[PDB]
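Just the one chain here, the form deposited in one PDB entry, laid out as structure tokens.
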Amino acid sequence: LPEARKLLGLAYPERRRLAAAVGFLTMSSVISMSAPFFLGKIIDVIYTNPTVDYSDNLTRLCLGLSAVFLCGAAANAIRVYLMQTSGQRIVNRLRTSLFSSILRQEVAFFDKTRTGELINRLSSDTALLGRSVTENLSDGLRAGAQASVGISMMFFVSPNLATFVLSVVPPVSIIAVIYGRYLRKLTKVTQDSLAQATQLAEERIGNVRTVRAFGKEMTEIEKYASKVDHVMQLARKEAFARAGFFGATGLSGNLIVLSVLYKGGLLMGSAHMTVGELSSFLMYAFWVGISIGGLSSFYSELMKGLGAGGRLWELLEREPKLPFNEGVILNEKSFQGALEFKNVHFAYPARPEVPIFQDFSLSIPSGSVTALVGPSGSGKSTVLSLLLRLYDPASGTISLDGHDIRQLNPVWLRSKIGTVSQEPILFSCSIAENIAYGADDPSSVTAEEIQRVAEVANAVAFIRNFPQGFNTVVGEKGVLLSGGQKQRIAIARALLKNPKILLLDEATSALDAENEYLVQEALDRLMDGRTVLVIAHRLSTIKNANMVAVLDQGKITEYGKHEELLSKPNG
């Protein structure tokens, strides 16, 4: 019931197009159901009057039927168009609405939901739902109307023959459903066995180095051969049941038709029916058969659409656990760029058992370079995720110029913070579009502005050296870039953003010699006159930093100047 109201509201903006096409469907289906009745009358006319010339009647009827078909073709053409376009408009609304809900969700949601599932819900499930209220609804409506008129016309033509069909088909159908359920079981048994054998195959192929190492290729080959030779034994049993079922289905189908031809034939000779009347009944019986299969198919697709519906309403009505674009903004005067971690406790949502910060307190003063030092896996990169408010701490507070970052507008907060990652991420756009991404309006930035920041970032040389220049499509689906090239485009993107706070994640595994000089020069121009928090692995950056913070087991164990920290009581 609550799912039905959601499906009705989905079709509601297209109600006039769908009703017009339903009108065309109703007409086409009803006028078409007249053909067995009128063909029954024409059959009896020829039979009664074999001596009469019907040339003018045939020509007048065929010219009449030609115009009816031309109208029928135009009606069907208009109907298909209205149904396809209505579905397209429904799917379009579902695509834009779903993608909007997804991007508004917190990072933690993406941590527990695979991109593949979100894309499957965006591609497959939106297509299902769209046609389920349109094309599927028309299919089930046509089949439902044709079964109704068909059964009614069977009882109209002959109540005796119709009651007979009604007493024979249901018992046969119930027995066929029991045989069909047994056949489904034997198929699962064969396909479970086959799945096991393919998992074995996939595991051994994927880990062929370990298989070689232990000289087990011949062993695995024979292990797999035994599994698939067993699948063959299960498939033989499934084939025997399927053969016996197709034989039983075929026999029953033929003997039911034969019973109607026989009973009908007897009723003809008894003067209860005519040859044409029997032809009507058989034609209507064939139509009901097709209409039953049509309703059956409609039901399968209705279920698939309802299943897809639940998966979409689940994301569309999902409220993010972190504010999207809501909170305060600070004026030019009260914003200085000072940050403060105060007794911060945090564990990732995917691994809540593993604590990252255990009473983490750090003061990053305005315009000062703070160097974050610690062992690999200590949780240095987690500091950047918390400052951008990708996640909220479990306990403690993160403050910007005395304000808890939870009170600020997150979109605004992130506009004041720039980041240059260990492994920069570039989308499959032009180099210019990737650089423009820094700006609050990437459409407003001029070609001259993209060139300026590219020169400062020591990127302008390799970019112009590319055949397409700034229009070179990069990312995964485009032209591949070196680590240092990606980093300089990231520095260009940061430069254009022009943040007061800058967060730097240095590479522990240092890049090439020629890159490492051009990148260090660009990083220094980017660090100038900004609040910098650097996760450093180079002794040159720690020495030049205003203060050094040592992260050991989720807490700041040591805090002071590089010289003061090195000149510890034990040295």
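The numbering used is simple: start at 1 and walk along the sequence shown. Under this definition, the rigid core comprises the largest set of C-alpha atoms superposing within 1.5 Å between the forms.
Between 449-457 and 116-124, the higher mean Cα B-factor belongs to 449-457. Taking the mean C-alpha B-factor of each stretch as recorded, 475-483 and 98-106 are not equal, and the higher mean is that of 475-483. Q191: CA B factor in the middle third of modelled residues in this chain (values from the PDB entry). The PDB entry assigns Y182 a C-alpha temperature factor belonging to the highest third of its chain's modelled residues. In this PDB entry, the Cα temperature factor of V275 sits in the top third of its chain's modelled residues, the highest group. Ranked by Cα temperature factor within the chain, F156 sits in the highest third according to the deposited record. The deposited CA B-factor of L526 belongs to the lowest third of values across its chain.
Heads up, the form deposited in another entry isn't pictured, but that's what we're talking about next.
Residue shifts between the shown form and the other one, rigid core superposed: of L266, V354, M218, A461, the only C-alpha displaced by 2 Å or more belongs to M218.
Taking 2 Å as the criterion, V228 counts as shifted between the shown form and the other one: its C-alpha moves by at least this amount when the rigid core is aligned. Comparing the forms between the shown form and the other one on their rigid core, the Cα displacement of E317 stays under 2 Å. Core-superposed comparison between the shown form and the other one: the CA of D192 exceeds or equals a 2 Å shift.
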